[PDB]
Amino acid sequence: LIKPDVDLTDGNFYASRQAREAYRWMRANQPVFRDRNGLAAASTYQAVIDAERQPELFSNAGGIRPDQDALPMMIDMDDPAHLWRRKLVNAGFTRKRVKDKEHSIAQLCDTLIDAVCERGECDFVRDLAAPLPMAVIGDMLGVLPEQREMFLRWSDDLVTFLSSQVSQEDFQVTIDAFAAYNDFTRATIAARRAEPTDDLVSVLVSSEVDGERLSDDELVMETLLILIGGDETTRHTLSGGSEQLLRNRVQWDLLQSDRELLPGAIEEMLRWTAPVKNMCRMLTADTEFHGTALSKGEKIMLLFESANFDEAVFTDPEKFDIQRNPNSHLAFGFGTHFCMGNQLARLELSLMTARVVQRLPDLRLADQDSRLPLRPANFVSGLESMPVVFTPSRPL
Ligand code: HEM
Ligand SMILES: CC(C)CCC[C@@H](C)[C@H]1CC[C@H]2[C@@H]3CCC4=CC(=O)CC[C@@]4(C)[C@H]3CC[C@@]12C
Ligand code: NA
Ligand code: NA
Ligand code: NA
Ligand code: NA
């Protein structure tokens, strides 16, 4: 095994399909790894957990992304300022409020499958995996159903070109996407100030943190955080997890034969796909961390996918096993910033996967001998496309 020569900010690393071999080297030889440019990364399950449990030393207030300033959103804040924001919107994502959405989310799943069932084929990414979480979080945000496609396109342009090697033409698209989203959302904020609604934008507009109204800048960025959290994450577990079911037919047959295996299947899909490849922390002081000296002010990447394949926690991690138990993956992170939408994501995954294995029972990849492309982006990433085939059925 040769040491990886990699740039962890280069989107191409996360699409090369040699990332997990690079992770394996890190976990065995330098758990807190420094890449070709010296960027520090926590590669082992233990190192990620230890960093998450010490927010006083591993801060979010420097921003969660490499080479990027902190923004006015709660994921870029430390406690208690971060907690004050979480409490404004936590109520919409509790176990009961999520479960009470099952009928509406199930209806969206069937509407989306109704749109492709007569075709006998679709792009599983474009036509099922991406639109379902978009519709769910769009409804909570007050996005009109006919404008979901517009918001998802903005969202895609905001994350799919995150890379130290981004081209000028892709960078311009990211800039233009934020400008359009910013203009639209500021108009939305003014509309909800005149006529409040029950969507999350109106909730944030009507909120106070420590007795102060949220700034218009923060309102735009908190709304965007909720949007991207909803529509650029679950989609990759839906597509990538379904792909592993199709590529490991024993697992697909197991789930089709026993529906009570669905909760465990969802957890293994989450472990395998790890849509959030990394979150950054900024060191507030010099420290020695798992054999690596870290300096105050530098950033360290928490490699969630690397932790999800750590042999110290998972037996035979390269085997897709929907019956894996326990399955304490870190797809949702850990600590005070643990994913607020973890329950909503799991229900999105459960309802769509159950309806896919029900209404597309003979689902297959259009070419089982192919290798599907992954998005070369350094933050969230998954399958770009996924052509599938099935026997047509009639809509419901
Ligand atoms: C498979 C689906 C998802 C994955 C893998 C995922 C992953 C993550 C991760 C890794 C974090 C940071 C945790 C840390 O740094 O320790 C996070 C935070 C967050 N996620 Fe999720 N997420 C998913 C779905 C969602 C959904 C559906 C929403 C809906 C709004 C959402 C909203 C958020 C928010 C607001 C935060 C910031 C929480 C905070 O800073 O306290 N996520 N997510
Ligand atoms: C997956 C979720 C839990 C976290 C979501 C983080 C999103 C909202 C964050 C992460 C990366 C950020 C972008 C970083 C680069 C860029 C510089 C600009 O010129 C303005 C907009 C911005 C485009 C940011 C807008 C939204 C950002 C995308
Ligand atoms: Na790779
Ligand atoms: Na800043
Ligand atoms: Na654009
Ligand atoms: Na197949």
# chains A, B, ... in the order shown; residues from 1 in each chain; ligands from 1

call {"tool": "residues_around", "arguments": {"residues": "residue A:62", "least_positions_apart": "3", "cutoff": "7 Å", "atoms": "only C-alpha atoms", "output": "PDB file with C-alpha atoms, in the first residue's frame"}}
result
ATOM      1  CA  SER A  59     -14.769  25.158  16.893  1.00  0.00           C
ATOM      2  CA  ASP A  69     -15.110  32.387   5.984  1.00  0.00           C
ATOM      3  CA  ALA A  70     -17.823  31.744   8.546  1.00  0.00           C
ATOM      4  CA  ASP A  76     -21.001  28.151  11.637  1.00  0.00           C
ATOM      5  CA  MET A 282     -11.043  25.308  13.573  1.00  0.00           C
TER       6      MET A 282
END

call {"tool": "residues_near_ligand", "arguments": {"ligand": "ligand 3", "cutoff": "12 Å", "atoms": "only C-alpha atoms and all ligand atoms", "output": "VMD selection string"}}
result
chain A and resid 4 6 to 8 10 to 23 273 277 305 to 306 372 to 378 381 to 383

call {"tool": "write_last_selection", "arguments": {"atoms": "N, CA, C and O atoms", "output": "short mmCIF file (atom, residue, chain, number, x, y, z; two decimals), in the first residue's frame"}}
result
data_model
loop_
_atom_site.label_atom_id
_atom_site.label_comp_id
_atom_site.auth_asym_id
_atom_site.auth_seq_id
_atom_site.Cartn_x
_atom_site.Cartn_y
_atom_site.Cartn_z
N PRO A 4 -1.26 7.89 0.00
CA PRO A 4 -2.02 8.67 -0.98
C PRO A 4 -1.45 10.07 -1.15
O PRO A 4 -1.11 10.75 -0.18
N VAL A 6 -2.89 13.22 -2.26
CA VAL A 6 -4.24 13.71 -2.49
C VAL A 6 -4.39 15.13 -1.96
O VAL A 6 -3.67 15.58 -1.07
N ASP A 7 -5.36 15.84 -2.54
CA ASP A 7 -5.78 17.16 -2.10
C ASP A 7 -7.22 17.03 -1.62
O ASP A 7 -8.13 16.85 -2.44
N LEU A 8 -7.43 17.11 -0.31
CA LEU A 8 -8.75 16.86 0.24
C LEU A 8 -9.74 17.99 -0.05
O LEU A 8 -10.92 17.84 0.27
N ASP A 10 -9.85 19.10 -3.29
CA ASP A 10 -10.10 18.88 -4.70
C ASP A 10 -11.31 17.97 -4.85
O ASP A 10 -11.30 16.83 -4.38
N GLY A 11 -12.36 18.47 -5.50
CA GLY A 11 -13.54 17.66 -5.72
C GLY A 11 -13.25 16.35 -6.42
O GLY A 11 -13.93 15.34 -6.17
N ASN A 12 -12.23 16.32 -7.28
CA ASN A 12 -11.91 15.10 -8.01
C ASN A 12 -11.50 13.95 -7.10
O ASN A 12 -11.64 12.79 -7.49
N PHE A 13 -11.01 14.24 -5.89
CA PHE A 13 -10.68 13.17 -4.95
C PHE A 13 -11.92 12.37 -4.58
O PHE A 13 -11.87 11.14 -4.47
N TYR A 14 -13.05 13.04 -4.38
CA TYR A 14 -14.25 12.38 -3.91
C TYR A 14 -15.02 11.68 -5.02
O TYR A 14 -16.02 11.01 -4.73
N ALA A 15 -14.58 11.81 -6.26
CA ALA A 15 -15.20 11.11 -7.38
C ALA A 15 -14.29 10.07 -8.00
O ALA A 15 -14.72 9.34 -8.91
N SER A 16 -13.04 9.96 -7.54
CA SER A 16 -12.06 9.09 -8.17
C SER A 16 -12.28 7.61 -7.86
O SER A 16 -11.68 6.76 -8.53
N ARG A 17 -13.11 7.29 -6.87
CA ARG A 17 -13.35 5.93 -6.38
C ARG A 17 -12.10 5.28 -5.80
O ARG A 17 -12.09 4.06 -5.57
N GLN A 18 -11.05 6.05 -5.55
CA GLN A 18 -9.92 5.60 -4.74
C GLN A 18 -9.85 6.34 -3.41
O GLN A 18 -8.83 6.26 -2.72
N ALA A 19 -10.92 7.05 -3.04
CA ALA A 19 -10.93 7.77 -1.77
C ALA A 19 -10.90 6.81 -0.59
O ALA A 19 -10.17 7.04 0.38
N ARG A 20 -11.68 5.72 -0.66
CA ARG A 20 -11.73 4.81 0.48
C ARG A 20 -10.42 4.06 0.67
O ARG A 20 -10.07 3.71 1.80
N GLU A 21 -9.69 3.81 -0.42
CA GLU A 21 -8.35 3.25 -0.27
C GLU A 21 -7.41 4.25 0.37
O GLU A 21 -6.56 3.89 1.19
N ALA A 22 -7.56 5.53 0.04
CA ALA A 22 -6.81 6.58 0.72
C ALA A 22 -7.18 6.65 2.19
O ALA A 22 -6.30 6.76 3.05
N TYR A 23 -8.48 6.59 2.50
CA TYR A 23 -8.91 6.56 3.89
C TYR A 23 -8.29 5.39 4.64
O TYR A 23 -7.89 5.52 5.80
N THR A 273 -23.17 5.48 2.10
CA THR A 273 -23.16 6.60 1.17
C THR A 273 -22.51 7.85 1.75
O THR A 273 -21.87 8.61 1.00
N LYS A 277 -19.31 14.47 3.05
CA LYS A 277 -17.99 13.85 3.08
C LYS A 277 -17.12 14.40 4.20
O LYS A 277 -16.27 13.68 4.73
N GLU A 305 -17.14 9.72 5.95
CA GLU A 305 -17.13 8.46 5.20
C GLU A 305 -15.99 7.56 5.65
O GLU A 305 -16.15 6.34 5.75
N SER A 306 -14.82 8.14 5.94
CA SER A 306 -13.72 7.34 6.46
C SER A 306 -14.08 6.69 7.79
O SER A 306 -13.80 5.51 8.02
N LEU A 372 -21.09 4.04 -12.39
CA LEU A 372 -21.78 5.32 -12.43
C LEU A 372 -20.89 6.44 -11.92
O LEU A 372 -20.09 6.24 -11.00
N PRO A 373 -21.01 7.64 -12.49
CA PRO A 373 -20.13 8.74 -12.09
C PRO A 373 -20.57 9.38 -10.78
O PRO A 373 -21.76 9.56 -10.51
N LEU A 374 -19.58 9.71 -9.95
CA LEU A 374 -19.78 10.47 -8.73
C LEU A 374 -19.45 11.94 -8.97
O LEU A 374 -18.60 12.27 -9.80
N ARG A 375 -20.12 12.82 -8.24
CA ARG A 375 -19.91 14.25 -8.40
C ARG A 375 -18.56 14.67 -7.84
O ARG A 375 -18.28 14.42 -6.66
N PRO A 376 -17.69 15.30 -8.64
CA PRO A 376 -16.39 15.77 -8.11
C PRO A 376 -16.52 17.08 -7.34
O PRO A 376 -16.14 18.17 -7.78
N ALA A 377 -17.10 16.98 -6.14
CA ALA A 377 -17.25 18.10 -5.23
C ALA A 377 -16.74 17.68 -3.85
O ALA A 377 -16.76 16.50 -3.51
N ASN A 378 -16.29 18.66 -3.06
CA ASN A 378 -15.53 18.36 -1.85
C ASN A 378 -16.36 18.45 -0.57
O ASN A 378 -15.79 18.32 0.53
N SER A 381 -21.56 14.89 -1.83
CA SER A 381 -21.32 14.25 -3.11
C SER A 381 -22.01 12.89 -3.16
O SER A 381 -22.17 12.22 -2.13
N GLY A 382 -22.40 12.51 -4.36
CA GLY A 382 -23.00 11.21 -4.61
C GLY A 382 -23.10 10.98 -6.10
O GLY A 382 -22.43 11.64 -6.89
N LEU A 383 -23.96 10.04 -6.48
CA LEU A 383 -24.13 9.70 -7.89
C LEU A 383 -24.67 10.90 -8.67
O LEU A 383 -25.62 11.56 -8.25
#

call {"tool": "closest_atom_pairs", "arguments": {"of": "chain A", "to": "ligand 5", "cutoff": "6 Å", "atoms": "only C-alpha atoms and all ligand atoms", "output": "CSV"}}
result
residue,atom,partner,partner_atom_place_in_ligand_line,distance
A:173,CA,ligand 5,1 (Na),4.2
A:174,CA,ligand 5,1 (Na),5.8
A:176,CA,ligand 5,1 (Na),4.2
A:177,CA,ligand 5,1 (Na),3.6

call {"tool": "write_last_selection", "arguments": {"atoms": "N, CA and C atoms", "output": "compact mmCIF listing (two decimals), in the first residue's frame"}}
result
# COMPACT_ATOMS: atom_id res chain seq x y z
N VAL A 173 -21.27 30.28 -12.23
CA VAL A 173 -22.59 29.71 -12.01
C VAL A 173 -22.92 29.67 -10.52
N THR A 174 -21.93 29.34 -9.68
CA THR A 174 -22.18 29.33 -8.24
C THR A 174 -22.50 30.73 -7.74
N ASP A 176 -23.75 33.29 -9.52
CA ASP A 176 -25.06 33.69 -10.03
C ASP A 176 -26.19 32.96 -9.30
N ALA A 177 -25.95 31.71 -8.89
CA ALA A 177 -26.99 30.97 -8.18
C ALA A 177 -27.28 31.59 -6.82

call {"tool": "select_by_dssp", "arguments": {"residues": "stretch 110-315 of chain A", "states": "alpha helix (DSSP H)", "output": "ChimeraX atom specification"}}
result
/A:110-114,124,131-141,148-159,168-194,200-205,216-231,234-247,249-257,262-273,304-308

call {"tool": "residues_around", "arguments": {"residues": "stretch 310-324 of chain A", "least_positions_apart": "2", "cutoff": "10 Å", "atoms": "only C-alpha atoms", "output": "number ranges by chain"}}
result
A: 20, 23-24, 27-28, 43-46, 241, 244-245, 247-248, 250-252, 254-255, 261-269, 271-272, 305-308, 326-329

call {"tool": "closest_residue", "arguments": {"among": "A:392, A:145, A:240, A:361", "to": "ligand 1", "atoms": "only C-alpha atoms and all ligand atoms"}}
result
A:240

call {"tool": "closest_residue", "arguments": {"among": "A:336, A:242, A:234, A:353", "to": "ligand 6", "atoms": "only C-alpha atoms and all ligand atoms"}}
result
A:242

call {"tool": "closest_residue", "arguments": {"among": "A:118, A:87, A:370, A:155", "to": "residue A:230", "atoms": "only C-alpha atoms"}}
result
A:155

call {"tool": "closest_atom_pairs", "arguments": {"of": "chain A", "to": "ligand 2", "cutoff": "6 Å", "atoms": "only C-alpha atoms and all ligand atoms", "output": "CSV"}}
result
residue,atom,partner,partner_atom_place_in_ligand_line,distance
A:158,CA,ligand 2,23 (C),5.5
A:159,CA,ligand 2,28 (C),5.8
A:175,CA,ligand 2,19 (O),5.4
A:178,CA,ligand 2,21 (C),5.5
A:224,CA,ligand 2,8 (C),5.1
A:225,CA,ligand 2,8 (C),3.9
A:228,CA,ligand 2,5 (C),5.0
A:229,CA,ligand 2,2 (C),3.8

call {"tool": "write_last_selection", "arguments": {"atoms": "N, CA and C atoms", "output": "mmCIF file, in the first residue's frame"}}
result
data_model
loop_
_atom_site.group_PDB
_atom_site.id
_atom_site.type_symbol
_atom_site.label_atom_id
_atom_site.label_comp_id
_atom_site.auth_asym_id
_atom_site.auth_seq_id
_atom_site.Cartn_x
_atom_site.Cartn_y
_atom_site.Cartn_z
ATOM 1 N N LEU A 158 -25.029 25.504 -6.128
ATOM 2 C CA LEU A 158 -24.333 26.021 -4.959
ATOM 3 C C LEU A 158 -23.366 25.016 -4.346
ATOM 4 N N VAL A 159 -23.570 23.713 -4.558
ATOM 5 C CA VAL A 159 -22.741 22.714 -3.886
ATOM 6 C C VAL A 159 -21.968 21.829 -4.860
ATOM 7 N N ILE A 175 -21.774 31.734 -8.237
ATOM 8 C CA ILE A 175 -22.014 33.116 -7.825
ATOM 9 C C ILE A 175 -23.400 33.571 -8.265
ATOM 10 N N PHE A 178 -26.238 31.981 -6.082
ATOM 11 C CA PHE A 178 -26.488 32.614 -4.793
ATOM 12 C C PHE A 178 -27.187 33.954 -4.969
ATOM 13 N N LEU A 224 -31.110 29.134 3.735
ATOM 14 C CA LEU A 224 -30.312 28.358 2.793
ATOM 15 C C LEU A 224 -29.727 27.117 3.450
ATOM 16 N N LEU A 225 -29.293 27.233 4.708
ATOM 17 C CA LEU A 225 -28.788 26.069 5.424
ATOM 18 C C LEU A 225 -29.847 24.980 5.523
ATOM 19 N N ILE A 228 -30.411 23.513 1.810
ATOM 20 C CA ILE A 228 -29.350 22.616 1.358
ATOM 21 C C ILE A 228 -29.277 21.378 2.243
ATOM 22 N N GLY A 229 -29.433 21.551 3.556
ATOM 23 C CA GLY A 229 -29.492 20.392 4.432
ATOM 24 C C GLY A 229 -30.560 19.406 4.005
#

call {"tool": "closest_atom_pairs", "arguments": {"of": "chain A", "to": "ligand 4", "cutoff": "12 Å", "atoms": "only C-alpha atoms and all ligand atoms", "output": "JSON lines"}}
result
{"residue": "A:60", "atom": "CA", "partner": "ligand 4", "partner_atom_place_in_ligand_line": "1 (Na)", "distance": 11.3}
{"residue": "A:61", "atom": "CA", "partner": "ligand 4", "partner_atom_place_in_ligand_line": "1 (Na)", "distance": 8.3}
{"residue": "A:62", "atom": "CA", "partner": "ligand 4", "partner_atom_place_in_ligand_line": "1 (Na)", "distance": 7.2}
{"residue": "A:63", "atom": "CA", "partner": "ligand 4", "partner_atom_place_in_ligand_line": "1 (Na)", "distance": 7.7}
{"residue": "A:64", "atom": "CA", "partner": "ligand 4", "partner_atom_place_in_ligand_line": "1 (Na)", "distance": 11.4}
{"residue": "A:65", "atom": "CA", "partner": "ligand 4", "partner_atom_place_in_ligand_line": "1 (Na)", "distance": 12.0}
{"residue": "A:67", "atom": "CA", "partner": "ligand 4", "partner_atom_place_in_ligand_line": "1 (Na)", "distance": 11.7}
{"residue": "A:68", "atom": "CA", "partner": "ligand 4", "partner_atom_place_in_ligand_line": "1 (Na)", "distance": 8.6}
{"residue": "A:69", "atom": "CA", "partner": "ligand 4", "partner_atom_place_in_ligand_line": "1 (Na)", "distance": 4.8}
{"residue": "A:70", "atom": "CA", "partner": "ligand 4", "partner_atom_place_in_ligand_line": "1 (Na)", "distance": 4.2}
{"residue": "A:71", "atom": "CA", "partner": "ligand 4", "partner_atom_place_in_ligand_line": "1 (Na)", "distance": 5.8}
{"residue": "A:72", "atom": "CA", "partner": "ligand 4", "partner_atom_place_in_ligand_line": "1 (Na)", "distance": 7.9}
{"residue": "A:73", "atom": "CA", "partner": "ligand 4", "partner_atom_place_in_ligand_line": "1 (Na)", "distance": 10.6}
{"residue": "A:76", "atom": "CA", "partner": "ligand 4", "partner_atom_place_in_ligand_line": "1 (Na)", "distance": 9.1}
{"residue": "A:77", "atom": "CA", "partner": "ligand 4", "partner_atom_place_in_ligand_line": "1 (Na)", "distance": 10.4}

call {"tool": "write_last_selection", "arguments": {"atoms": "N, CA and C atoms", "output": "CSV table (one decimal), in the first residue's frame"}}
result
chain,number,residue,atom,x,y,z
A,60,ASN,N,-16.7,25.4,15.5
A,60,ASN,CA,-17.4,25.6,14.2
A,60,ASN,C,-17.4,27.1,13.8
A,61,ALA,N,-16.9,28.0,14.6
A,61,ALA,CA,-17.1,29.4,14.4
A,61,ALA,C,-16.1,30.0,13.3
A,62,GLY,N,-15.2,29.1,12.9
A,62,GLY,CA,-14.3,29.5,11.8
A,62,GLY,C,-14.9,29.1,10.4
A,63,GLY,N,-16.1,28.5,10.4
A,63,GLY,CA,-16.8,28.0,9.2
A,63,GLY,C,-16.5,26.6,9.0
A,64,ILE,N,-17.5,25.9,8.4
A,64,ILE,CA,-17.5,24.4,8.3
A,64,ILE,C,-16.8,24.0,7.0
A,65,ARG,N,-16.4,24.9,6.1
A,65,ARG,CA,-15.8,24.6,4.9
A,65,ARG,C,-14.3,25.0,4.8
A,67,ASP,N,-11.1,26.9,3.2
A,67,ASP,CA,-10.9,28.1,2.4
A,67,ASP,C,-12.2,28.9,2.3
A,68,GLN,N,-12.9,29.1,3.4
A,68,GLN,CA,-14.2,29.8,3.3
A,68,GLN,C,-14.5,30.4,4.7
A,69,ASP,N,-14.8,31.7,4.7
A,69,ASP,CA,-15.1,32.4,6.0
A,69,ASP,C,-16.4,31.9,6.6
A,70,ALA,N,-16.6,32.1,7.9
A,70,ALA,CA,-17.8,31.7,8.5
A,70,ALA,C,-18.9,32.6,8.0
A,71,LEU,N,-20.1,32.0,7.9
A,71,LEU,CA,-21.3,32.7,7.4
A,71,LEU,C,-22.4,32.8,8.5
A,72,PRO,N,-23.3,33.7,8.4
A,72,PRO,CA,-24.4,33.9,9.4
A,72,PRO,C,-25.4,32.7,9.4
A,73,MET,N,-25.0,31.5,9.7
A,73,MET,CA,-25.8,30.4,9.8
A,73,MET,C,-25.4,29.6,11.0
A,76,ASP,N,-22.3,27.4,11.5
A,76,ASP,CA,-21.0,28.2,11.6
A,76,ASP,C,-20.9,28.9,13.0
A,77,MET,N,-21.6,28.4,14.0
A,77,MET,CA,-21.6,29.1,15.3
A,77,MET,C,-21.3,28.0,16.4

call {"tool": "closest_residue", "arguments": {"among": "A:337, A:215, A:203, A:95", "to": "residue A:79", "atoms": "only C-alpha atoms"}}
result
A:337

call {"tool": "residues_around", "arguments": {"residues": "stretch 344-352 of chain A", "least_positions_apart": "5", "cutoff": "10 Å", "atoms": "only C-alpha atoms", "output": "JSON, numbers by chain"}}
result
{"A": [92, 93, 94, 95, 97, 98, 99, 101, 102, 103, 105, 106, 107, 108, 109, 110, 112, 113, 128, 129, 132, 133, 136, 137, 229, 230, 233, 234, 235, 237, 238, 241, 262, 263, 265, 266, 267, 269, 270, 332, 339, 357, 358]}

call {"tool": "write_last_selection", "arguments": {"atoms": "N, CA and C atoms", "output": "short mmCIF file (atom, residue, chain, number, x, y, z; two decimals), in the first residue's frame"}}
result
data_model
loop_
_atom_site.label_atom_id
_atom_site.label_comp_id
_atom_site.auth_asym_id
_atom_site.auth_seq_id
_atom_site.Cartn_x
_atom_site.Cartn_y
_atom_site.Cartn_z
N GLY A 92 -40.02 21.75 14.46
CA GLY A 92 -40.48 21.22 13.18
C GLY A 92 -39.87 19.89 12.79
N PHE A 93 -38.86 19.41 13.53
CA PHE A 93 -38.12 18.22 13.14
C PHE A 93 -38.11 17.15 14.22
N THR A 94 -38.95 17.26 15.24
CA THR A 94 -39.02 16.25 16.28
C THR A 94 -39.59 14.95 15.73
N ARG A 95 -39.46 13.89 16.53
CA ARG A 95 -39.93 12.58 16.10
C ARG A 95 -41.43 12.60 15.79
N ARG A 97 -43.46 15.33 15.07
CA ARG A 97 -43.78 16.18 13.93
C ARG A 97 -43.37 15.54 12.62
N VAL A 98 -42.26 14.80 12.61
CA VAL A 98 -41.84 14.09 11.41
C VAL A 98 -42.80 12.95 11.10
N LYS A 99 -43.14 12.15 12.11
CA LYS A 99 -44.06 11.03 11.89
C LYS A 99 -45.43 11.52 11.44
N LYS A 101 -45.95 13.74 9.41
CA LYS A 101 -45.83 14.06 7.99
C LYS A 101 -45.85 12.82 7.10
N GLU A 102 -46.01 11.62 7.67
CA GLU A 102 -45.86 10.40 6.87
C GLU A 102 -46.84 10.38 5.70
N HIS A 103 -48.10 10.75 5.94
CA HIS A 103 -49.09 10.72 4.86
C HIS A 103 -48.69 11.66 3.73
N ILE A 105 -45.65 12.86 3.03
CA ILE A 105 -44.44 12.40 2.37
C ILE A 105 -44.73 11.17 1.52
N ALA A 106 -45.56 10.25 2.03
CA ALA A 106 -45.97 9.10 1.22
C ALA A 106 -46.68 9.55 -0.05
N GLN A 107 -47.51 10.59 0.05
CA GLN A 107 -48.21 11.10 -1.13
C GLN A 107 -47.23 11.66 -2.15
N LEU A 108 -46.17 12.32 -1.68
CA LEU A 108 -45.16 12.82 -2.61
C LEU A 108 -44.40 11.68 -3.27
N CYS A 109 -44.11 10.62 -2.51
CA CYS A 109 -43.44 9.46 -3.08
C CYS A 109 -44.26 8.84 -4.20
N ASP A 110 -45.57 8.69 -3.98
CA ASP A 110 -46.41 8.07 -4.99
C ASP A 110 -46.61 8.99 -6.19
N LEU A 112 -44.41 11.11 -7.32
CA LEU A 112 -43.18 11.04 -8.10
C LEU A 112 -43.06 9.71 -8.83
N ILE A 113 -43.43 8.61 -8.19
CA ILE A 113 -43.38 7.32 -8.87
C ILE A 113 -44.47 7.25 -9.94
N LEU A 128 -36.35 10.45 -9.03
CA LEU A 128 -36.84 9.94 -7.75
C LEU A 128 -36.02 10.44 -6.57
N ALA A 129 -34.70 10.19 -6.59
CA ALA A 129 -33.88 10.44 -5.41
C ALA A 129 -33.75 11.92 -5.11
N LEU A 132 -37.68 13.94 -4.29
CA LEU A 132 -38.46 13.65 -3.08
C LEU A 132 -38.02 14.51 -1.90
N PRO A 133 -36.74 14.52 -1.49
CA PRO A 133 -36.36 15.42 -0.38
C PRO A 133 -36.57 16.88 -0.70
N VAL A 136 -40.16 17.64 0.10
CA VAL A 136 -40.46 17.58 1.53
C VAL A 136 -39.99 18.85 2.23
N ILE A 137 -38.73 19.24 2.02
CA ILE A 137 -38.23 20.45 2.67
C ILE A 137 -38.82 21.69 2.01
N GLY A 229 -29.43 21.55 3.56
CA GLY A 229 -29.49 20.39 4.43
C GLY A 229 -30.56 19.41 4.00
N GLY A 230 -31.69 19.92 3.53
CA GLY A 230 -32.77 19.06 3.08
C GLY A 230 -32.62 18.48 1.69
N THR A 233 -28.65 16.12 0.48
CA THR A 233 -28.11 15.11 1.39
C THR A 233 -28.83 13.77 1.21
N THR A 234 -30.10 13.71 1.63
CA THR A 234 -30.85 12.46 1.56
C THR A 234 -30.83 11.88 0.15
N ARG A 235 -30.89 12.74 -0.87
CA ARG A 235 -30.91 12.29 -2.26
C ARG A 235 -29.76 11.32 -2.55
N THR A 237 -28.18 9.31 -0.36
CA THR A 237 -28.40 8.02 0.27
C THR A 237 -29.47 7.23 -0.46
N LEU A 238 -30.50 7.91 -0.96
CA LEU A 238 -31.53 7.24 -1.76
C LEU A 238 -30.92 6.61 -3.00
N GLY A 241 -27.64 4.28 -1.91
CA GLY A 241 -28.07 3.12 -1.16
C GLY A 241 -28.86 2.15 -2.02
N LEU A 262 -36.29 -3.20 6.77
CA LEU A 262 -36.14 -1.86 6.22
C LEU A 262 -35.39 -0.90 7.15
N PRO A 263 -35.69 -0.81 8.45
CA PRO A 263 -34.93 0.13 9.29
C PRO A 263 -33.43 -0.11 9.25
N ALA A 265 -31.80 -1.60 6.84
CA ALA A 265 -31.32 -1.29 5.50
C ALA A 265 -31.04 0.20 5.35
N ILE A 266 -31.91 1.04 5.91
CA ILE A 266 -31.72 2.49 5.82
C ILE A 266 -30.43 2.90 6.51
N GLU A 267 -30.15 2.30 7.68
CA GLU A 267 -28.93 2.66 8.41
C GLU A 267 -27.69 2.25 7.64
N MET A 269 -27.55 1.96 4.35
CA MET A 269 -27.48 2.90 3.23
C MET A 269 -26.84 4.21 3.68
N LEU A 270 -27.19 4.69 4.87
CA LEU A 270 -26.59 5.91 5.40
C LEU A 270 -25.10 5.73 5.66
N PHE A 332 -24.66 11.35 10.13
CA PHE A 332 -25.29 12.56 10.64
C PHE A 332 -24.37 13.37 11.55
N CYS A 339 -27.07 16.25 13.16
CA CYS A 339 -28.07 16.62 12.15
C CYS A 339 -29.45 16.82 12.75
N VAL A 357 -39.25 -0.56 -3.82
CA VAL A 357 -39.21 -2.02 -3.85
C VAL A 357 -40.60 -2.61 -4.00
N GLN A 358 -41.65 -1.82 -3.77
CA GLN A 358 -43.02 -2.29 -3.97
C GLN A 358 -43.50 -2.07 -5.40
#

call {"tool": "residues_near_ligand", "arguments": {"ligand": "ligand 6", "cutoff": "8 Å", "atoms": "only C-alpha atoms and all ligand atoms", "output": "NGL selection string"}}
result
:A and (243 or 246-247 or 249 or 363-368 or 388)

call {"tool": "atom_distance", "arguments": {"atom1": "atom CA of residue A:138", "atom2": "atom 5 (C, counted along the ligand's line) of ligand 1"}}
result
17.9 Å

call {"tool": "atom_distance", "arguments": {"atom1": "atom CA of residue A:51", "atom2": "atom CA of residue A:84"}}
result
22.1 Å

call {"tool": "select_by_dssp", "arguments": {"residues": "stretch 11-224 of chain A", "states": "strand (DSSP E)", "output": "MDAnalysis selection string"}}
result
chainID A and resid 32:34 40:42 58:59 121:123 208:209 212:213

call {"tool": "write_last_selection", "arguments": {"atoms": "C-alpha atoms", "output": "mmCIF file, in the first residue's frame"}}
result
data_model
loop_
_atom_site.group_PDB
_atom_site.id
_atom_site.type_symbol
_atom_site.label_atom_id
_atom_site.label_comp_id
_atom_site.auth_asym_id
_atom_site.auth_seq_id
_atom_site.Cartn_x
_atom_site.Cartn_y
_atom_site.Cartn_z
ATOM 1 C CA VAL A 32 -4.962 12.586 11.952
ATOM 2 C CA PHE A 33 -3.739 12.906 8.381
ATOM 3 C CA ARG A 34 -2.120 15.858 6.610
ATOM 4 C CA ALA A 40 -5.329 18.171 8.566
ATOM 5 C CA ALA A 41 -8.065 15.526 8.536
ATOM 6 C CA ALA A 42 -9.446 13.211 11.231
ATOM 7 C CA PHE A 58 -12.532 22.190 17.706
ATOM 8 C CA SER A 59 -14.769 25.158 16.893
ATOM 9 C CA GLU A 121 -37.302 3.695 -17.147
ATOM 10 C CA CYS A 122 -35.974 6.840 -15.516
ATOM 11 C CA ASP A 123 -32.866 8.426 -14.075
ATOM 12 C CA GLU A 208 -35.911 36.423 18.374
ATOM 13 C CA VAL A 209 -32.480 35.267 19.546
ATOM 14 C CA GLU A 212 -32.888 40.388 19.046
ATOM 15 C CA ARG A 213 -34.405 39.927 15.605
#

call {"tool": "residues_around", "arguments": {"residues": "residue A:89", "least_positions_apart": "5", "cutoff": "12 Å", "atoms": "only C-alpha atoms", "output": "list in words"}}
result
residues 74, 82, 83, 84, 94, 97, 140, 141, 198, 199, 200, 201, 202, 203, 204, 205, 206, 207, 208, 209, 222, 223, 225, 226, 340 and 341 of chain A

call {"tool": "atom_distance", "arguments": {"atom1": "atom CA of residue A:66", "atom2": "atom CA of residue A:280"}}
result
6.7 Å

call {"tool": "closest_residue", "arguments": {"among": "A:36, A:186, A:119, A:281", "to": "ligand 1", "atoms": "only C-alpha atoms and all ligand atoms"}}
result
A:281
